[PDB]
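# Examination of the molecular architecture
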Amino acid sequence: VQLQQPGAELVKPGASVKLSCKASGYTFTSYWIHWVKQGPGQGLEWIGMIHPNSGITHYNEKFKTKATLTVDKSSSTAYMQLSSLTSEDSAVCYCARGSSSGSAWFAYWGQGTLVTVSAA
Amino acid sequence: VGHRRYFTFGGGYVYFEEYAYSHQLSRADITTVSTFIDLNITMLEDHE
Amino acid sequence: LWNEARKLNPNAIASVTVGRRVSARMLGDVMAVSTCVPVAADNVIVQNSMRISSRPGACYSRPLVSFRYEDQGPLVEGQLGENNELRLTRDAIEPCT
Amino acid sequence: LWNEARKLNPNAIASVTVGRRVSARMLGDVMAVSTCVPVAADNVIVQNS
Amino acid sequence: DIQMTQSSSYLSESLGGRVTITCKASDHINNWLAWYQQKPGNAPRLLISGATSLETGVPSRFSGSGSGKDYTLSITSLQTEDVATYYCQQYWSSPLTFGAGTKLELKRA
Amino acid sequence: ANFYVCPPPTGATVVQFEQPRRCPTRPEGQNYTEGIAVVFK
C-alpha cells in the first residue's frame, strides 16, 4: 500500500492549480480517501473526504470553493482542483486512506505534496 | 456554469454545451427507459 | 402524463422507471441519472427543533438530520427529503407560521 | 389527472386528445384550440449560439 | 461543533523520562478518539485508535487512556528519537478535528 | 426500511423515455358465405 504525490508544486498565486495522488497496494475503489492540509508547523486541518467508488464528496465547511475533489477510478487516482490560491496556501497536503470502518484513523498515507503557491 | 442540454429536433436530438451548439445525435445513441407496462397477450391457437 | 410528471420531480419518475433508486435531473429533453448509495436505518438522528435562530420567522420546512455512511464513520449533516432521501444541503427553508 | 395535467401545458393534452396537432390555451374551464401548420423538416436552421 | 483543547503546546523531558500528555473535548464522544505522532520529516504515525487502544508500531512505552471528555497518553522511556508533535484526533462527527499539537522534546539543546 | 443518499447527477449518463409503439388493428375477420345445405351420411 502506497500513495504517490508530487513532492512540490511551484505555481504562481492567483490562477488555480491541480494536485494528484496515485494509489497502490490496496483496492482503490473500496476505501474512503480523505485529504488534510497543514502549513509549516501548523496544526494539520482536515480539508475534505471523498468516496472513490461513488464520487460523493464532503468538504470541510471552509473548503467548498477553495478546493474541489475528483476521482479517476481508471488510474486509481485522486485529484484536487485548488481554486483561488494564495501565497500562504503553500503547505503540505496529505491524501490518506481509512479502513472499511469509515472511522478514518488514517493508517497509511503518502509522502504528501508540499505545494509552494509562489512565483519564486 | 455547467450548462449542457439536449433538445428534441427533427427525429433526433441537438446537444448544446455552455450555450454553444455542439452536435446532433440520433435517438439510438441514448439508453431508453420505458414507462410502459408490458402485456404479452397471445391468442388461442387453432386446433383441429 | 409521464412526460409531464418527470418535469415536476425527476427523482421519483427516474427511480420508478429505471428500476433502481437513482437521482436524476433534466438536461433539456433528457434525464441525467446517478445511482444513490444506501444508508442503514439505525445510523440516523433527527434533530429536535426545525427553527433557525439567525433567521427569525424562518424555519426548515422538512426535518434536519444527521447520519454516518458506514456503521462507524463520522457524523455528517443533511436534510430529510421525500421517500427516505437525504439531501446534503440545508436550504429547504419556509417562512414559518 | 387529465383535468390537472391540462393546466400545466394545454398544448400536449389538447393535441393528444383531439387527434390532430393543435395549439390550445385555457379560457377558464374550457380549452380554445387552433390547428397547427406543418413545416418541412429540411427548411430549418439552428443558430449556433 | 466539536473542539479539541490540547493541554500543553510542548513537553520536554530528559532521556528515558516519563511524561503524560492529555487533552479535552468540547462535547462527549464515547471513546471515539485517536492519538498520532508526527516528526517534521514524515507523515504522522498512529499511536492510539480508540480512546484506549494501542496497536502495532507503538511499544508499551506509549499508552493511551481516557473517558468522557478527558483523554490522555502516558509516555515511558522518552528518547532522542521521539521528539515530535503529538495530536489528539476525533472521529465522531464531521468536520473531523485534530489537536493543536504538543511538542515532545528533550532536556537538551 | 433503508435510507438513501443521492449525489447530484453529472451529465455522464443519459436516458430517454421509449417513444410510443404502434400496435396492429384487429384481424380483418373471416369472409362468411351463407348458404342452404343438405348433409348426407
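Conventions used here
- Residues numbered from 1 in each chain as written, not as in the entry; some residues may be left out.
- Chains lettered and ligands numbered in written order.
- Part of a larger assembly, values for the part shown.
- Heavy atoms only, no water.
- Residues with missing side-chain atoms left out of burial classes, pairs and counts.
- Pairing = 2+ DSSP bridges.
- Helix = DSSP H or I, 4+ residues; strand = E, 2+ residues; numbered from the N terminus.
- Axes fitted to C-alpha atoms, helices over the stretch in contact; angles between N-to-C directions.
- Disulfide = S-S within 2.5 Å.
- UniProt positions renumbered as here; feature names shortened; annotations may be inferred.
- Buried < 20%, exposed > 50% of the residue type's maximum accessible area, 1.4 Å probe, protein only.
- Contact = heavy atoms within 4.5 Å.
- Polar contact = N/O pair within 3.5 Å; in protein donor to acceptor, adjacent residues only side chain to side chain.
- Salt bridge = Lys/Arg side-chain N within 4 Å of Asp/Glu carboxyl O.
- Nonpolar A, V, L, I, M, F, W, Y, C, P; charged D, E, K, R; others polar.

### Examining the sheet that holds strand β3 (residues 37-39) of chain C
Taken together, six strands build an open sheet; the order of strands is β3(C)-β1(F)-β8(C)-β7(C)-β6(C)-β4(C) and the sheet is mixed. Bordering the open sheet on either side are β3 and β4 (44-46) of chain C, each of which pairs with just one other strand. Each strand axis lies, on average, 40° off the axis of its neighbour in the sheet, ignoring direction. In terms of strand pairing, β4(C) meets strand β6 (residues 64-67) of chain C through three bridges, oriented antiparallel. Directly across from C:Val46, in β6(C), lies its bridge partner C:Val65.

### Here we look at the UniProt feature "disulfide bond" in chain C
All names here are of chain C. With its sulfur atoms 2.0 Å apart, the listed UniProt disulfide between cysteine 59 and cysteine 96 is closed in this model. Here the residue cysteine 59 occupies a position in strand β5 (residues 58-60), and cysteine 96 occupies one in the segment after β9 (93-95), the gap between them amounting to 37 residues. For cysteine 59, a relative accessible area of 6% puts it in the buried group.

### Some details on helix α2 (residues 10-18) of chain C
Along an α-helix, residues three or four positions apart point the same way, because every turn accommodates 3.6 residues. Every buried residue of α2(C) is accounted for by C:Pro10, C:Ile13, C:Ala14, C:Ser15 and C:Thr17. Among the structural elements, β4 (31-33) of chain B, α1 (2-5), β1 (22-26) and β2 (31-35) of chain C together with β2 (14-17) of chain F are those in contact with the buried residues of α2(C). One or two residues past the end of α2(C) sits C:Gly19, with phi positive at roughly 125°.

### Quick word on the environment of C:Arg90
All names here are of chain C. Within the element layout of this structure, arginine 90 appears in the loop between β8 (85-87) and β9. We classify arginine 90 as partly exposed; its relative accessible area is 27%. For the pair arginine 90 and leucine 27, spaced 63 residues apart in sequence, the C-alpha to C-alpha distance is 24 Å. Those residues within four positions of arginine 90 in sequence are excluded, and the remaining contacts are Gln47, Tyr60, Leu64, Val65, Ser66, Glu77, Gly78 and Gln79. Reaching out from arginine 90, the side chain makes a polar contact with the backbone oxygen of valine 65 at a distance of 2.9 Å.

### Details of the arrangement of the chains
For this structure, the chain pair with the highest number of contacts among nine pairs of chains in contact is chains C and F. For chain A and chain D, which are not in contact, the least C-alpha distance works out to 28 Å. Kept free of each other, chain D and chain E leave a smallest C-alpha distance of 43 Å between them.

### Things to note about the sheet that holds strand β5 (residues 45-49) of chain E
All names here are of chain E. One open sheet accounts for five strands, arranged β2-β9-β8-β4-β5; its pairing is mixed. If you trace the sheet from one side to the other, it starts and ends with β2 (10-13) and β5, each paired once. With strand direction ignored, the average angle separating the axes of adjacent strands in the sheet is 20°. Summarising the sheet, β2 and strand β9 (residues 102-106) pair through four bridges and their orientation is parallel. Following the sheet pairing, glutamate 13 is matched in β9 by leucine 106.

### A closer look at the state of the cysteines
All chains considered together, the criterion is met by four disulfides over all chains. Bridging C:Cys59 to C:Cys96, the disulfide has an S-S length of 2.0 Å. An S-S torsion of about 70° defines the bridge between C:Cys59 and C:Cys96 as right-handed. Here A:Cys93 stays free of any disulfide, with the sulfur of A:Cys21 as its closest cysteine sulfur at 9.3 Å. A relative accessible area of 4% means that A:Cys93 is categorised as buried.

### A look at the pairing of β6(C)
All names here are of chain C. Of the two faces of β6, both are covered, the one formed by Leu64 and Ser66 as well as the one formed by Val65 and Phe67. In terms of strand pairing, β6 meets strand β7 (residues 76-80) through four bridges, oriented antiparallel. Paired with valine 65 across the two strands is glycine 78, which belongs to β7.

### Considering the interface of chain F and chain C
In this complex, chain F contributes 15 residues to the contact, which on the side of chain C involves 29 residues. The interface formed by chain F and chain C holds zero salt bridges in total. On the surface where chain F and chain C come into contact, there are eight residue pairs in polar contact. Contributions of two or more residues to the side of chain F that touches chain C are made by β1 (3-5) and β2 of chain F. Classifying every residue of the side of chain F that touches chain C gives eleven nonpolar, four polar and no charged. Taken together, the two bridges between β2(C) and β2(F) define a ladder with antiparallel strand orientation. Paired with C:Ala32 across the bridge in β2(F) is F:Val14.

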